[PDB]
Visitor: 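Once you've had a glance at the structure underneath, I'll fire off some questions.
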Amino acid sequence: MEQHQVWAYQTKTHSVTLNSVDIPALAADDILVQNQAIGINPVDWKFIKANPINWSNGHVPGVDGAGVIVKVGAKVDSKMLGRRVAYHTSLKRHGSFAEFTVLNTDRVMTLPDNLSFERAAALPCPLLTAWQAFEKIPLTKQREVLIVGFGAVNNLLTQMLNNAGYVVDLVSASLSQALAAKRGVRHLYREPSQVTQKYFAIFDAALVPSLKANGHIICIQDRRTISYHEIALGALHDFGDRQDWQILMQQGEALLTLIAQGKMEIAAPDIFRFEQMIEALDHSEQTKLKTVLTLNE
């Protein structure tokens with residue numbers, strides 16, 4: 001009731017340690033989520049390593065989670081209580097590596113009843129990142145696009161593009177032909193040097209020779225008649241107004257529904273217990289396999 005367990009950042013050793021700290025009272029537009037599963041994203045282990053935004057010792061990392069709304073602030077609609085939600089929270093505030101997380105009420109997505117917490121927690125950062133990147137690209141008569149790398153964002157983005165009518169080629173040293181084809185890939189290149197044609201858009205100045213004039217470069221990173229687009233999902237926390245959030249969350253909900261219905265596929269995350277955060281963080285970073293923590297073990 002009064003305290004909860006958190007994984008708190010240690011600046012000296014670029015690591016997290018388990019502690020019990022007071023559960024905060026909520027602001028008027030805030031909600032308290034009881035986490036049931038916690039996503040690990042590259043940005044989390046990258047920021048743990050580099051501390052690029054000068055987190056204080058004690059800061060709780062973690063952008064992604066999923067769980068149940070158990071308390072709400074004074075101005076929050078009482079209908080939110082008890083909802084199953086997933087979220088992508090700000091890197092500047094205490095995050096998902098905790099039993100409970102404080103979120104803004106406009107910035108969570110309701111889960112389909114048949115979508116597990118563990119699957120949901122594997123989605124907010126890569127699914128919303130993929131959707132933002134997808135939405136940058138016009139649909140013209142030139143439909144050939146190149147995706148560089150395969151990972152959780154590009155898995156989802158490939159499917160979005162193929163579903164919309166784009167012809168998608170992909171660069172990946174070890175993606176199986178069978179999985180590529182399932183996801184809708186036309187040509188699978190095993191290294192960048194094999195790419196010889198030109199594309200309408202590349203999702204990744206070095207790329208310019210591979211672009212049609214007036215094409216698009218979409219940079220998806222945690223870090224002029226060609227249009228350059230930079231996707232930074234977490235920046236909506238700083239720049240998004242309430243309508244921007246409503247629109248995105250509603251689209252995220254729609255996409256979660258497609259996933260729960262089996263219409264868009266993801267590989268099952270590797271699941272660790274909350275207690276084994278350190279081993280999970282190591283696994284995520286070393287294996288690059290999507291990793292999630294569960295509290296239901």
Side-chain angles (χ1 to χ4, degrees), residues 2-27 30-48 50-67 86-92 94-104 107-108 121-126 128-129 151-153 219-222 230-240 269-295:
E2 171 291 328
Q3 289 198 321
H4 74 140
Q5 305 286 91
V6 303
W7 289 95
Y9 185 57
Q10 309 306 307
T11 62
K12 185 64 174 163
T13 54
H14 307 279
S15 63
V16 291
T17 62
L18 181 66
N19 202 20
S20 176
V21 306
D22 287 6
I23 307 179
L26 301 173
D30 284 340
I31 61 169
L32 190 68
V33 170
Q34 177 175 28
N35 290 320
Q36 304 278 277
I38 298 164
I40 300 179
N41 285 279
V43 67
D44 304 311
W45 49 260
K46 296 174 176 174
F47 274 43
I48 285 163
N51 196 13
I53 69 170
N54 310 314
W55 288 336
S56 282
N57 221 86
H59 181 85
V60 176
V63 287
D64 285 2
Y87 61 88
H88 181 82
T89 194
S90 174
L91 292 148
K92 304 175 180 189
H94 289 322
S96 64
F97 284 9
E99 290 179 295
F100 302 80
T101 301
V102 177
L103 306 162
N104 181 282
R107 308 189 180 179
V108 297
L123 290 165
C125 185
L128 297 174
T129 296
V153 165
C219 172
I220 305 164
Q221 260 195 344
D222 300 307
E230 214 162 62
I231 305 303
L233 173 61
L236 200 62
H237 286 282
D238 301 322
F239 303 131
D270 284 337
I271 298 170
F272 287 78
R273 289 168 60 241
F274 176 86
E275 293 84 348
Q276 288 173 271
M277 177 62 82
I278 299 286
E279 285 164 276
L281 280 166
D282 182 76
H283 181 87
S284 173
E285 180 179 343
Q286 299 306 320
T287 80
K288 303 305 198 262
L289 297 164
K290 184 62 184 183
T291 305
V292 310
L293 305 302
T294 183
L295 286 292

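Counting begins at 1 with the first residue of the sequence.
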Visitor: Is there a side-chain hydrogen bond (donor to acceptor under 3.5 Å, both in side chains) between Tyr87 and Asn104? Walk through the geometry before answering.
Guide: CA-CA 10 Å; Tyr87 61 88; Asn104 181 282; over 6 Å; no

Visitor: How far apart are the closest heavy atoms of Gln10 and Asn57, and which atoms are they?
Guide: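 Minimum heavy-atom contact is OE1-ND2, 2.8 Å.
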
Visitor: Distance-only, no hydrogens or angles: does the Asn35 side chain make a donor-acceptor pair with backbone N or O of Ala98 under 3.5 Å?
Guide: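 Yes.
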
Visitor: State whether the side chain of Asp44 and the backbone N or O of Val63 hold a donor-acceptor pair below 3.5 Å, judged by distance alone.
Guide: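 Judged by distance alone, yes, a pair lies under 3.5 Å.
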
Visitor: Could you tell me whether the side chain of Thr291 and the main chain of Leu289 form a donor-acceptor pair under 3.5 Å?
Guide: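 Answer holds: yes.
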
Visitor: To the nearest 0.5 Å, how far apart are CG in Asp30 and CZ in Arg107?
Guide: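 Reported value, rounded in 0.5 Å steps: 9.5 Å.
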
Visitor: Drop me the distance from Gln276's CD to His283's NE2, to the nearest 0.5 angstrom.
Guide: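 If we round to the nearest 0.5 Å, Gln276:CD and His283:NE2 are 12.0 Å apart.
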
Visitor: Of all the heavy-atom pairs spanning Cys125 and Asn41, show the shortest one and how long it is.
Guide: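 Minimum heavy-atom separation between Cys125 and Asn41: CB-OD1, 3.5 Å.
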
Visitor: Under a 4.5 Å cut-off applied to non-hydrogen side-chain atoms, are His88 and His237 in contact?
Guide: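 They are in side-chain contact.
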
Visitor: Could you tell me which non-hydrogen atom of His94 sits nearest to which non-hydrogen atom of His59, and how far apart they are?
Guide: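 Here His94 and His59 meet closest at CE1-CA, 3.6 Å.
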
Visitor: With side chains defined as the heavy atoms from C-beta onward, is the minimum distance between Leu18 and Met277 less than 4.5 Å?
Guide: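 Contact flag for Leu18/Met277 side chains = no.
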
Visitor: For the side-chain contact (heavy atoms from CB on, under 4.5 Å) test, which of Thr101, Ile23, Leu32 pairs with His4?
Guide: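 Single pass found, and it is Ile23.
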
Visitor: Aromatic rings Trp55 and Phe47: how do their planes relate, parallel, tilted or perpendicular, breaks at 30° and 60°?
Guide: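 Aromatic pair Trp55/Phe47 classed tilted.
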
Visitor: When you compare the side chain of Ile31 with that of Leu26, does any pair of heavy atoms fall below 4.5 Å?
Guide: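 No - every pair of side-chain heavy atoms lies 4.5 Å or more apart.
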
Visitor: Within the distance-only criterion (no hydrogens, no angle test), does the side chain of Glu99 pair as donor or acceptor with the backbone N or O of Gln5 below 3.5 angstrom?
Guide: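 Pair found, side chain donor or acceptor close to backbone of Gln5.
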
Visitor: Assign the ring pair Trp7 / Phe274 to parallel, tilted or perpendicular, where the plane angle (0 to 90°) is split at 30° and 60°.
Guide: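 Taking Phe274 first and then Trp7, their aromatic rings stand perpendicular (interplane angle over 60°).
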
Visitor: For the residue pair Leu295 and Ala37, what are the closest heavy atoms and their distance?
Guide: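 Shortest heavy-atom contact: CD2-N, 4.3 Å.
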
Visitor: Between atom CH2 of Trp45 and atom CG of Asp222, what is the distance when rounded to the nearest 0.5 Å?
Guide: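 Reported to 0.5 Å precision, the distance equals 7.5 Å.
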
Visitor: Quick check: does any side chain N or O of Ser56 sit under 3.5 Å from a backbone N or O of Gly58, one acting as donor and the other as acceptor?
Guide: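 Judged by distance alone, no pair lies under 3.5 Å.
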
Visitor: What's the separation between atom CG in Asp270 and atom OG1 in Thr287, rounded to the nearest 0.5 Å?
Guide: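 Rounded to the nearest 0.5 Å, the CG-OG1 separation comes out at 6.0 Å.
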
Visitor: In Å and rounded to the nearest 0.5 Å, what is the CG to OG1 distance from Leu233 to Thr129?
Guide: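 Going from the CG atom of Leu233 to the OG1 atom of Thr129 covers 4.5 Å.
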
Visitor: So does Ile40 get a backbone contact from the side chain of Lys290, meaning a donor-acceptor N/O pair under 3.5 Å?
Guide: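 Here the side-chain-to-backbone pair exists.
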
Visitor: Checking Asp64 against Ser96: is there a side-chain donor and acceptor pair closer than 3.5 Å?
Guide: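 No, no side-chain donor-acceptor pair sits under 3.5 Å.
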
